[PDB]
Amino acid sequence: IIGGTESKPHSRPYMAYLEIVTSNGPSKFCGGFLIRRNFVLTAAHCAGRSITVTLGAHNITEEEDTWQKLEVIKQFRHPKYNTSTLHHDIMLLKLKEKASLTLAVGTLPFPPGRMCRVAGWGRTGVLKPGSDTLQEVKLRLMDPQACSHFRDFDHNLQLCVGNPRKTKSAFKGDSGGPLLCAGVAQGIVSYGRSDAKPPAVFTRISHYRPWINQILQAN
């Protein structure tokens, strides 16, 4: 998160930190969010061989009594996910078991106004480290025209997020995190410019509600 603030600890109790063993070799990290006791929503590009989800966290180097760490048993990557265009960058994760609902661990409920918020443990600048602590930032939902420079941008599938006159943005490390507008999840962090210039591109959750509901009904 660029230009944001450290979240109040445990104030976003749906947030999930994902550790992904790369089908090749080492680990990578993404965000995600708990939508049911045993389901997490994240980006398709975060997929890998095996996934661990950490719930209840604030500082990821600091185990607390709030933590619940759960193995993913099934990855449901969107079938039309396209590595080239990055369309349908969405993925459901089934947890080996149900999370205990606590103050620090909770599910996120399912058109938006302009001001939204996003959280994550990603980089705090172009060449900065990832954040040990959960950061958050308020961002403006932009007209699709503001993202016309992204060749594969499709208003039906995606949100255009972040006023270009400011540095405030999701960035690398924030993939899979939810965009909330008025307490409702509208978006999922997907991609943007490598120079961190807003806006960035988020998956439009509403378009995928049939598919989500389908997987939840069958699992």
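All residue numbers refer to positions in the sequence shown, first residue = 1.
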ask   = Going by the B-factors listed in the PDB entry, is the mean over the C-alpha atoms higher for 162-170 or for 53-61?
value = 162-170
ask   = Once you work out the mean C-alpha B-factor for both 40-48 and 22-30 from the entry, which is higher?
value = 22-30
ask   = For the listed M91, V105, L108, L127, which has the peak Cα B-factor recorded in the PDB entry?
value = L108
task = Sort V118, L134, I73, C147 by C-alpha B-factor from the entry and give me just the highest.
result = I73
task = Can you work out whether the C-alpha temperature factor of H10 puts it in the lowest, middle or highest third of the chain?
result = lowest
message = Sorting by Cα B-factor within the chain, modelled residues only, which third would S194 end up in: lowest, middle or highest?
response = highest
key: Chain third (lowest, middle, highest) by recorded CA B-factor, residue given as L157   = middle
key: Entry-reported Cα temperature factor of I188, expressed as the chain third it lands in   = lowest
